[PDB]
Amino acid sequence: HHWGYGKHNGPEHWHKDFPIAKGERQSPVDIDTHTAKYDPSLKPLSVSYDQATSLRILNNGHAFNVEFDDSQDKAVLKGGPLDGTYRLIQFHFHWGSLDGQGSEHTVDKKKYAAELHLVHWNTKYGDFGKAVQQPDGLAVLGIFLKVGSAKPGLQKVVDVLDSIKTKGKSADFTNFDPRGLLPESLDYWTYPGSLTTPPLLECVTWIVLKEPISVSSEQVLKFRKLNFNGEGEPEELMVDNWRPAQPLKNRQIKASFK
Ligand SMILES: C[C@H](CCC(=O)O)[C@H]1CC[C@H]2[C@@H]3[C@H](O)C[C@@H]4C[C@H](O)CC[C@]4(C)[C@H]3C[C@H](O)[C@]12C
Ligand SMILES: [Zn+2]
């Protein structure tokens with residue numbers, strides 16, 4: 001509960017408060033592209049974000065979260081491996097102190113500079129709190145970031161970060177369109193897993209896009225100016241807020257594409 005990403009409270013320590021950390025379907029994992037099985041029965045993903053209603057952006061001490069109004073079916077994910085309708089509740093990123101690390105999932109052991117998680121919950125469970133207690137409660141759409149050209153749809157996020165530098169700060173963040181964070185292709189890998197921070201609950205259908213988005217060095221540098229700490233405290237830069245790959249155990253990663 002004082003968990004974090006430091007030497008003394010980072011991922012190797014989490015199991016002491018959250019024993020599920022050593023569970024059978026933990027995330028992230030390495031995606032071995034040459035052992036993932038193409039599944040021609042997997043449907044295309046349906047990302048319906050046209051009516052998304054963003055509300056606020058919050059530094060929670062672990063990442064920054066863009067929150068959405070999820071009291072109606074406004075922005076939803078369907079199709080792919082999913083049965084039913086999953087409502088977008090928030091997105092956040094994980095990133096590194098250096099461009100060669102920061103992603104949680106890896107691809108043939110390659111780490112990307114960051115990873116975007118769009119978090120959705122299965123509406124058949126009524127609310128998010130109930131959903132997280134179900135093995136099929138959440139669908140997280142994971143998108144890799146590499147450093148290159150700027151991502152124009154990211155800039156509105158980058159520019160508000162100065163206003164939420166420290167833990168517990170929030171800012172109004174309305175009318176943000178998450179479609180601007182998607183790559184061209186929706187080809188994906190999918191497997192059953194978990195939340196990647198405590199409480200580490202095993203309630204996630206992971207959908208990880210094959211195609212990374214590119215962001216500029218200036219954009220990711222701005223992520224790295226955030227703070228894990230609260231206002232006025234000694235500065236601890238919010239960097240390397242990622243959990244490393246966990247054992248795949250008895251799971252197969254499926255690919256939507258050959
Ligand atoms: C811990 C997990 C993020 C794991 C990850 O880094 O991918 C996140 C994703 C969605 C989060 C939840 C949702 O955003 C809704 C709630 C937001 C509140 O600010 C905290 C509780 C709240 C219930 C969150 C708890 C926790 O931070 C959740 C469950
Ligand atoms: Zn995450």
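Position 1 is the first residue of the sequence, and the numbers go up from there. Computed over heavy atoms, backbone and side chain alike; hydrogens, waters and symmetry mates excluded.
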Using side-chain heavy atoms (C-beta onward) and a distance below 4.5 Å, is [X] in contact with [Y]?
X      : Y      : answer
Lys222 : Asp159 : yes
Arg243 : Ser194 : yes
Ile253 : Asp32  : no
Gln72  : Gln51  : no
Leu141 : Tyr188 : no
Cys203 : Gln134 : no
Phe93  : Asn241 : no
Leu138 : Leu201 : no

Hey, do the aromatic rings of [X] and [Y] have their centres closer than 6.0 Å?
X      : Y      : answer
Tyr191 : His105 : yes
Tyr112 : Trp242 : no
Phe257 : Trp189 : yes
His13  : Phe18  : no

For atom [atom1] of [X], is the number of surrounding heavy atoms from other residues, nucleotides or ligands below 6.0 Å larger than 12?
X      : atom1 : answer
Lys156 : NZ    : no
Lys249 : NZ    : yes
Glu233 : CD    : yes
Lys210 : NZ    : yes
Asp108 : CG    : yes

Please determine whether residues [X] and [Y] belong to a single hydrophobic cluster, defined as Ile, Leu, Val, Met, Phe, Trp and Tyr linked transitively by side-chain heavy-atom distances below 4.5 Å.
X      : Y      : result
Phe68  : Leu116 : yes
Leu248 : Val208 : yes
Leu195 : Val119 : yes
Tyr5   : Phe64  : yes
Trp206 : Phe144 : yes

Point-to-point distance, once rounded to the nearest 0.5 Å, from [atom1] of [X] to [atom2] of [Y]:
X      : Y      : atom1 : atom2 : answer
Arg87  : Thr123 : CZ    : OG1   : 5.5 Å
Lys110 : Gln101 : NZ    : CD    : 12.5 Å
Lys167 : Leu58  : NZ    : CG    : 10.5 Å

Mind listing the closest non-hydrogen atom pair of [X] and [Y] along with its distance?
X      : Y      : result
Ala75  : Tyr49  : CB-CD2, 3.8 Å
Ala113 : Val147 : CB-CG2, 3.8 Å
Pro212 : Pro183 : O-CB, 4.2 Å
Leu209 : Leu186 : CD2-O, 3.9 Å
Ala245 : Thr106 : CB-OG1, 4.5 Å
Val160 : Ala171 : CG2-CB, 4.2 Å

### Stepwise side chain to side chain contact (heavy atoms under 4.5 Å, CB included) test for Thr190 and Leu42
CA-CA 10 Å; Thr190 182; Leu42 279 170; 4.1 Å; yes
Keeping the roles fixed (side chain from [X], backbone from [Y]), state whether a donor-acceptor pair exists under 3.5 Å.
X      : Y      : value
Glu115 : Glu104 : yes
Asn9   : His2   : yes
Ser54  : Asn175 : yes
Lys225 : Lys165 : no
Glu202 : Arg25  : yes
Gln26  : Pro247 : no
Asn229 : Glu236 : yes
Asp127 : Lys130 : yes

### Task
Check the pair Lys78 / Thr85 against side chain to side chain contact (heavy atoms under 4.5 Å, CB included), numbers first and verdict last.
CA-CA 5 Å; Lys78 310 198 305 168; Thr85 295; 3.3 Å; yes
#### Entry: side chain to side chain contact (heavy atoms under 4.5 Å, CB included) between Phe223 and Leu161, intermediate numbers included
CA-CA 8 Å; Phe223 286 16; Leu161 295 183; 3.9 Å; yes
With no hydrogens and no angle check, do the side chains of [X] and [Y] hold a donor and an acceptor under 3.5 Å apart?
X      : Y      : answer
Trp3   : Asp17  : no
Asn227 : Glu235 : yes
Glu24  : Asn250 : no
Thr174 : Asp172 : no
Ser27  : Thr196 : no

### Query
For the side chain to side chain contact (heavy atoms under 4.5 Å, CB included) test, which of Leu118, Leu181, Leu88, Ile57 pairs with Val66?
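Among the candidates, only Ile57 passes.
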### Aromatic ring pairing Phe91/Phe176, orientation class (parallel under 30°, perpendicular over 60°, tilted between)
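Geometry flag for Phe176 against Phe91: tilted rings.
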#### Entry: CA sep, side-chain torsions, deciding dist, call: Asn59, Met238, side chain to side chain contact (heavy atoms under 4.5 Å, CB included)
CA-CA 10 Å; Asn59 177 336; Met238 185 176 284; 3.5 Å; yes
### Task
Answer yes or no: is there an ion pair linking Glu67 with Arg56, defined by an N-O contact shorter than 4.0 Å?
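Counted as a salt bridge, because a side-chain N and a carboxylate O are separated by less than 4.0 Å.
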#### Entry: Salt bridge present between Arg224 and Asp99 (N-O < 4.0 angstrom)
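Salt bridge between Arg224 and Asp99, a charged N being under 4.0 Å from a carboxylate O: yes.
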